[PDB]
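Peer 1: Please find one structure pasted underneath; my questions will follow.
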RNA sequence: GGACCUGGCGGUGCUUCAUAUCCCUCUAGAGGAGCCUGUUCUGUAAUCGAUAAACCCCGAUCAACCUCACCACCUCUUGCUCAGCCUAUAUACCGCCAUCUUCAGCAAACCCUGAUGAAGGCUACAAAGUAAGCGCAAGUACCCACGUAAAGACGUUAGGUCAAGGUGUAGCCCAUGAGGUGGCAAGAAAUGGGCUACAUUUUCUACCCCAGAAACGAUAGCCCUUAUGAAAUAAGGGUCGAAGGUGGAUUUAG
Ligand SMILES: C[NH+](C)c1cc(NC(=O)CNC(C)(C)C)c(O)c2c1C[C@H]1C[C@H]3[C@H]([NH+](C)C)C(O)=C(C(N)=O)C(=O)[C@@]3(O)C(O)=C1C2=O
Ligand SMILES: [Mg+2]
Ligand SMILES: [Mg+2]
Ligand SMILES: [Mg+2]
Ligand SMILES: [Mg+2]
Ligand SMILES: [Mg+2]
Ligand SMILES: [Mg+2]
Ligand SMILES: [Mg+2]
């Protein structure tokens, strides 16, 4: 790290920068603030979840390619949802939702798991044990599951926006391989119920 | 010591010669002039400033030799001689007595500084006990002799003020008011000029920002300070940039606008924007490859 | 371990000067150079024969001033004035010093084809910077 | 090549390989003999060259000086033998080193007694050789003391030992400056030392270490038999314990309140008063305890009655 | 043989930690294909040295001849040298380094304890420790006090080189030294490390990131030309259209 430990994090929030924590404000104006990264912005079109998902789709430092793929992706998501709205009826138009950000968030929240499987070595054979997962770990697991299913190589000539849009719509409507593998994780935890006493923490 | 005496005499005669040597037959030749003169006379070229030539008086050159603690009859002078730490233990005795008579009436020095003042080697726990004793005296309501005692043991703080240096607003060109700032990030130099009004107009290297920056990430990077300070469509920047890549150039340009909009914004908002982290250079630069490796920190194969 | 120009610590009785006391990583952080020739600077052609003449002169001086040069020489080279500065002890006879001074003077003059100047400095004993 | 030549310090370092000889040369000598005025001969101002006979005579003189220097390397130095050759037990180190407080120890003789090569085990090096020595320092007037010196060098161990001994001296009372006052039986740990006062001319018929210690003290006429473990370091310590815990004639007279008298067979029935009480004289006589309860020694009784048949006891040995 | 001291070990206990090093974790690879380059083995009349961590694009920041010390054949005798030898000995060495070290110890000189043994020397509301010196640290270089460099003592592994050179010991001088000419560097095979891929975030073209079009992969083989050289290895073009379907156990690096 090129920063000394006295350099602290910069925070960017207009609701915090418009006005208890008065001594917090004084200590913050007396301490050293490090520079802001390129990915974060003061804008409010942005989503931290979306930015992290781009950074995970990134390969080789091609942020332009990762961004362009997500560009085409929820572009296609919005297009197909508008097609559903135009081809729908009155009540179907009333119930359908076409905001790609909300669809992305709800797909991830439906995709995230609630329990996890950790290997623990009792005796000489490994036992997969259920474990409570932290929220950061389960969100990372959901996003990595979606990316691996997109890059499963079984899609042949399909393009990445098409893959991710199709899997995203399935995940929002609570189908697809990502929901299937979350259910399979819960299935295997159900298989090994009673090993949960092997945890020491 | 006679060594110190004849060295002081030699230093006086030598500095007299040295002032006569350079230009300064007047008696008043000061220490910084002595250093400048010897620097010219013997051009150092050595990276260590203590390995550079020096002309000081033998008090500063030679260390502090402690005087003889006993005369020509034995009979050492201080009553706490046989402790071997007479100055430290006499100080402890005096502070303890001052606490005792105070009770019957009713930043800090570092260990090396106390060692310099006592001319005695000291332990960390001894220094800690001394500091706790003086803290007890400070917490006790004490008189003025006690206060000046604490203050001759206490030293300065040398606090730093961290308000962002506001560049002046130069009223120039035809009739317009501007500030010219600079920015640097990852071998890219960007100097920018912002005029107060113009409703938002960017002139990177003579062309516009949608031409020099086809990437929406770079355009967002340009937006960032104006969107933080809520003065988006109000100003105009003309900037010239050398070196780097697209993101390094965008970051350097951004630092330049932040460090000129500091002049064009109020002081509370510029402290807020410094807290947001726009007025500090990003020191993260490319590291070096090393012999026997495969990159900056990446190594080769099997080692274990 | 690095064994380049570092004299080791025996037990505390080894007289040693600044030069061979200091290690090669202090080469101009603390020490400086014993030979000042402009050959090793970025634009120059003749630095190789500068260096072979340097080692020739150092071994020649060590061999023709036998057991009196305290520590190593100061070989400076400015223009065509080659300067050999010596730190020689005070144990032989001054006619012998002047004899060898003239001898080395004009031998190096006719060998290197330049004005060569011997500048001597006499010291009583080998100086000690620390004891190792 | 002259360029690949290298200095003799490096050459002898590499040749001797101790880390795991040009003084016989004047400054202007060469085999051709082009002798100059600045070198060799002093500064008539005439350059010349000597003849073949002078050159060969000079080099013959130089060579015979070289074999003379070789001989003055290889003489034989005479080391006095201590208890045997190639040993250390009677080797006389010099007088103790003069103290830093203006102190001289010039009448004090130091004798080594035991040199042991003592090893301990260390994590990195392995076996670590440390020489432990034991010396005794004394002047022939009663003052003596022993000490141990431990170092990595034998000379350092010697110096440490003799200086620590002169800081740890004793005093030994002597009867007539030739012998002890009585017979001393003393067991120190596992070393039983039985010593007897002997008359004049008996000599030092004692263990060789006891002979050296008593020569440093001043005692001349004692018998001493050691038994149990003949450990050198316990021998010296038990000997010094007994010799410092002697009870003298004056102390005996003061303790009992009676006259101390001597009856020699050489003089006859003449009683010789040796020590009188310094205070009052006790008037009731000493109680004659018939058949006294004392602990006798079977070796003494065996020698007195003559069943001690040994081929080693009264052998004809050298002086003291 | 009995009892110890010190050290190393313990599939040795308790407690606290490690964080790219210890596990769960995070990313990208190796091991699977081809090619390049070392090594083992085979082969040849054909060098030598490195070879658990600390060998394996290592001496070489590099072998057509030269280099070269190898082999074959033929020549030279005070041989460029008051000769030389690349002859053996890295278990005689200097020299310059690896490893612990991604450590903090090593310690001259003293003093004390142990009935004056090997040894040991800890309690700040303090029970015998004091310390010159080396090292860490500190001070320097790069862009900051951060980070990266450099630096890291004593010793360990008789750790690597007598072949960089010098060199002690033993040997040669019709030789084991010197010179000339010509060859030696080939794979039934195996292995270490790199490079390129097995494509769709891909490929070709323009642009150097707002298009068009596909819907793959040899820096290998053969041919032509060129560069340099006395004498081709390298470069370009032509030709060809391999195996290959993201690789098990294990493992590397951050
Ligand atoms: C056979 N041993 C007793 C031995 C002997 C010598 N030297 C001699 O005794 C020869 N002395 C003469 C030739 C007569 C002058 C030796 O010189 C050696 C060694 C051991 C070797 C072992 C080497 C080995 N490597 C080369 C395969 C090895 O694996 C290690 C290791 N720990 O990794 C070694 O110790 C080793 O490298 C090594 O250094 C050895 C010797 O030096
Ligand atoms: Mg003998
Ligand atoms: Mg070998
Ligand atoms: Mg040969
Ligand atoms: Mg190393
Ligand atoms: Mg390093
Ligand atoms: Mg350091
Ligand atoms: Mg070995």
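Residue numbers (our numbering), protein chains in the order written: chain A, 1 to 201; chain B, 202 to 505; chain C, 506 to 637; chain D, 638 to 957. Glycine included, each C-beta is placed from N, C-alpha and C at the ideal position.
#1: With residue 308 of chain B and residue 353 of chain B assumed to form a contact (beta carbons below 8 Å), what rounded beta-carbon distance in angstroms separates them?
#2: Who are the Cβ neighbours of residue 803 of chain D in its own chain at under 6 Å, not counting the five residues just before and after it?
#3: Kindly say whether residue 476 of chain B, judged by its beta-carbon, lies nearer than 7 Å to any beta-carbon of chain A.
#4: Within the chosen definition, does the segment 75 to 85 of chain A reach the segment 159 to 168 of chain A through at least 3 CB pairs nearer than 8 Å?
#5: Whose C-alpha, out of B:312, B:341, B:332, is nearest the C-alpha of residue 508 of chain B?
#6: With a Cβ-Cβ cutoff of 7 Å, do residue 517 of chain C and residue 602 of chain C count as a contact?
#7: Which stretch, first to last residue, makes up the alpha helix (DSSP H) that contains residue 848 of chain D?
#8: Any chance you could list the beta strand (DSSP E) runs of at least 3 consecutive residues sitting entirely within the segment 762 to 797 of chain D, in chain order?
#9: Consider the Cβ of residue 570 of chain C: report whether some Cβ of chain D lies at a distance smaller than 7 Å.
#10: Looking at C-alpha atoms only, which residue of A:21, A:32, A:2, A:200 is the closest neighbour of residue 477 of chain B?
#11: What residues of chain C sit near residue 664 of chain D, judged by a beta carbon separation below 7 Å?
#12: Quick one: which chain D residues come within Cβ less than 8 Å of residue 560 of chain C?
#13: Please give the ranges of any alpha helix (DSSP H) in the segment 791 to 831 of chain D, keeping only runs that are unbroken, at least 4 residues long and fully inside the region.
#14: Just to make sure I have the definition right: I need the residues of chain B whose C-beta is within less than 7 Å of the C-beta of residue 535 of chain C. Which are they?
#15: Determine, using beta carbons only, whether residue 483 of chain B and residue 386 of chain B come nearer to each other than 7 Å.
#16: Could one say the Cβ of residue 2 of chain A lies closer than 7 Å to chain B's Cβ atoms, at least one of them?
#17: Using a Cβ-Cβ cut-off of 8 Å (strictly less than) and excluding sequence neighbours within five positions of residue 216 of chain B, which residues of its own chain qualify?
#18: In three-state terms, what does DSSP make of residue 279 of chain B?
#19: How big is the Cα-Cα spacing for residue 586 of chain C and residue 533 of chain C?
#20: Taking buried to mean at least 16 other C-beta atoms within 10 Å of its own C-beta, is residue 81 of chain A buried or exposed?
#21: Could one say the Cβ of residue 448 of chain B lies closer than 7 Å to chain A's Cβ atoms, at least one of them?
#22: Listing by chain order, which chain B residues have their CB less than 7 Å from the CB of residue 34 of chain A?
#23: Could you tell me the alpha carbon to alpha carbon distance between residue 262 of chain B and residue 214 of chain B, rounded to whole angstroms?
#24: Kindly indicate which residue of A:12, A:21, A:68, A:30 has the alpha-carbon position closest to the one of residue 361 of chain B.
#25: List the whole-angstrom C-beta distance separating residue 747 of chain D from residue 848 of chain D, where the pair is believed to meet the contact cut-off of C-beta under 8 Å.
#26: Since residue 295 of chain B and residue 312 of chain B should fall inside the 8 Å C-beta cutoff, what is the C-beta to C-beta distance between them, to a whole number of angstroms?
#27: Entirely within the segment 107 to 147 of chain A and at least 3 residues each: give me those beta strand (DSSP E) ranges in chain order.
#28: Can you check DSSP and say which residues form a bridge with residue 594 of chain C?
#29: What residue does the alpha helix (DSSP H) around residue 670 of chain D start on, and which one ends it?
#30: Helix or strand or just coil, what does DSSP make of residue 638 of chain D?
#31: Taking only three categories from DSSP, how would you classify residue 658 of chain D?
#32: Among the candidates D:654, D:639, D:881, whose CA atom is the shortest distance from the CA of residue 646 of chain D?
#33: Just mark residue 251 of chain B as buried or exposed, buried being the case when its beta carbon has 16 or more other beta carbons within 10 Å.
#34: Between the Cα of residue 46 of chain A and the Cα atoms of A:190, A:105, A:147, which residue gives the shortest distance?
#35: Okay, do the segment 816 to 832 of chain D and the segment 874 to 887 of chain D touch, 3+ Cβ pairs below 8 Å being the bar?
#36: In whole angstroms, what is the alpha-carbon distance linking residue 485 of chain B and residue 12 of chain A?
Peer 2: The structure says:
#1: Contact flag wrong, Cβ pair sits at about 14 Å.
#2: 733, 742, 774
#3: yes
#4: yes
#5: Absent from the model: residue 508 of chain B. The displayed extent of chain B is 202 to 505, so no value can be given.
#6: no
#7: 845 to 854
#8: 763 to 775, 781 to 788
#9: no
#10: A:32
#11: 571, 601
#12: 640
#13: 791 to 804
#14: 247, 249, 252
#15: yes
#16: yes
#17: 230, 235, 256
#18: coil
#19: 24 Å
#20: buried
#21: yes
#22: 478, 481
#23: 16 Å
#24: A:30
#25: Actually they are not in contact, since the Cβ atoms of residue 747 of chain D and residue 848 of chain D sit about 16 Å apart, beyond 8 Å.
#26: That belief does not hold up - the Cβ atoms of residue 295 of chain B and residue 312 of chain B are roughly 19 Å apart, past 8 Å.
#27: 115 to 122, 125 to 132
#28: C:628
#29: Here residue 670 of chain D belongs to no alpha helix (DSSP H), and DSSP marks it neither H nor E.
#30: coil
#31: coil
#32: D:654
#33: exposed
#34: A:105
#35: yes
#36: 20 Å
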